[PDB]
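2 protein chains.
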Amino acid sequence: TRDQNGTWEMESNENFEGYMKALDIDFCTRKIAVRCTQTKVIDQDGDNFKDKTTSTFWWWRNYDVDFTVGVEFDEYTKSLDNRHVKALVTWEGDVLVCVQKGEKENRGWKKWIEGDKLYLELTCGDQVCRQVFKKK
Amino acid sequence: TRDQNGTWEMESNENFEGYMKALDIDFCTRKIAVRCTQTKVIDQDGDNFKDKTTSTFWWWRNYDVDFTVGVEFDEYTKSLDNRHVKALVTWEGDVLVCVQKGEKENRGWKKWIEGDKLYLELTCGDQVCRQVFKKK
C-alpha cells in the first residue's frame, strides 16, 4: 500500500553509522546522530509529498562538589578531564578562590557575586575561561 | 556579597573551548560541552558549600522536503552531509524510490509500507541503512 500519511516514530535503526560514514559525516556528528530519536511526519496530496523529519537527542549531567572553605579536599573532575586534584578554597575579599593542585599547572577557579550576576573564572595553564551566570 | 545561595543560569561563556583544550579534553567532547546549558545550584551555610552544576545538551534538527513524484528537485541535505543533489522520486511498485544524483555514487533511498510499519532504506555506495517506524 502506497498510503504513507501520518506521524511515524523510528523503532529500529540498522547500520546508520556505516551509511553516515559513506556520506563522510564527521565522527562527532555521527556519535550524536545514531543516538537521536527520529520522527517523520508525512503529508501526501496526490503526487505531492511533504516529509518533515525531526531528529532529537537530550543529554544531562550533574556535577556535585561539597566543601568547606579552608578544608582541602580531593576532587575528581568527572565533568571535565577526569583528573584527581587537591582543591583548596579560600576567600579573597568577597571572591571565592580555589587552587586545584595536580598534574596541570596554574589550575583553579574564582567565583564571586555582583547583584544578580555570578562570575566564574576557570584557569588552566595559559587559558582563562570566563563565565557569567544570572540569578533564576 | 558573600552569600552565593540560589540557582544561577549561565548567560555568557568565553573561551570555554581553550580552557578545555588545556585540560586535554578531546575535540568533540569540547564541541558538545560548549553547546551545553549550565545551571549552578548553590546551597551555602557560612563557609560550607554544596555546589551542583547541571549541564544539559539538547540536539535538535528538523529536515523538511517538498517534492512531486516524477519531478526532479534540488535537495540540500542539511540534516546529514550538507550536499546539493538532484533528487528524483518515483514509484516502483508500491515502493517510493528516490535517486539523489550528485558527488556520491549510488546515493538514494526507498520508502514503503509493510503491514503497520513504514520502512526506509538509505543507500550510499555499498552502505545500506534500514530504519523501521511505527505509526503514532
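If you read the sequences in order, they're chains A and B. Quick note: my numbering has the first sequence finishing at residue 1583, numbered continuously throughout. Quick note: my numbering has the second sequence finishing at residue 1583, numbered continuously throughout. Using N, Cα and C, we set each Cβ at its ideal position, and we do this for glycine too.
Can you check whether the CB of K1487(A) is closer than 7 Å to the CB of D1511(B)? Taking 7 Å as the Cβ cut-off, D1511(B) and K1487(A) do not qualify as a contacting pair.
Between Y1466(A) and chain B, is there a C-beta pair that is closer than 7 Å? In terms of beta-carbon proximity, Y1466(A) lines the interface with chain B, with at least one pair separated by less than 7 Å.
When you compare each of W1455(B), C1571(B), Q1491(B), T1476(B) to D1513(A) by their alpha carbons, which one comes out closest? Closest option to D1513(A), Cα to Cα, is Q1491(B).
Would you say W1559(A) and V1542(A) are within 7 Å of each other, going by their C-beta atoms? Result yes, Cβ atoms of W1559(A) and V1542(A) sit closer than 7 Å.
Anything in the segment 1449-1463 of chain A with a Cβ closer than 8 Å to a Cβ of chain B? List those residues in chain order, please. If the cut-off is 8 Å between Cβ atoms, the segment 1449-1463 of chain A has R1449, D1450, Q1451, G1453, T1454, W1455, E1456, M1457, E1458, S1459, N1460, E1461, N1462, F1463 near chain B.
Check the Cβ-Cβ distances between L1565(A) and every residue of chain B, and say whether any is below 7 Å. Taking 7 Å as the threshold, the shortest C-beta distance from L1565(A) to chain B falls below it.
Closer than 7 Å to chain A by CB, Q1491(B): Taking a beta-carbon distance threshold of 7 Å, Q1491(B) does not count as an interface residue toward chain A.
Residues of the segment 1475-1501 of chain B whose Cβ lies closer than 7 Å to any Cβ of chain A, in chain order: Those would be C1475, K1478, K1487, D1494, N1495, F1496, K1497, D1498, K1499, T1500, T1501, in chain order.
C-beta contact flag for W1507(B) and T1448(A) at 7 Å: A distance of 7 Å or more separates the beta carbons of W1507(B) and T1448(A).
How many Å lie between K1551(A) and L1470(B) at the Cα? When the Cα atoms are used, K1551(A) and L1470(B) turn out to be separated by approximately 8 Å.
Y1523(B) versus chain A: which residues are under 9 Å apart at the beta carbon? Chain A residues near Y1523(B): none, gap ~14 Å exceeds 9 Å.
Rounded to the nearest angstrom, what separates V1518(A) and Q1547(A) at their Cα positions? If you take the alpha carbons of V1518(A) and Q1547(A), they lie about 13 Å apart.
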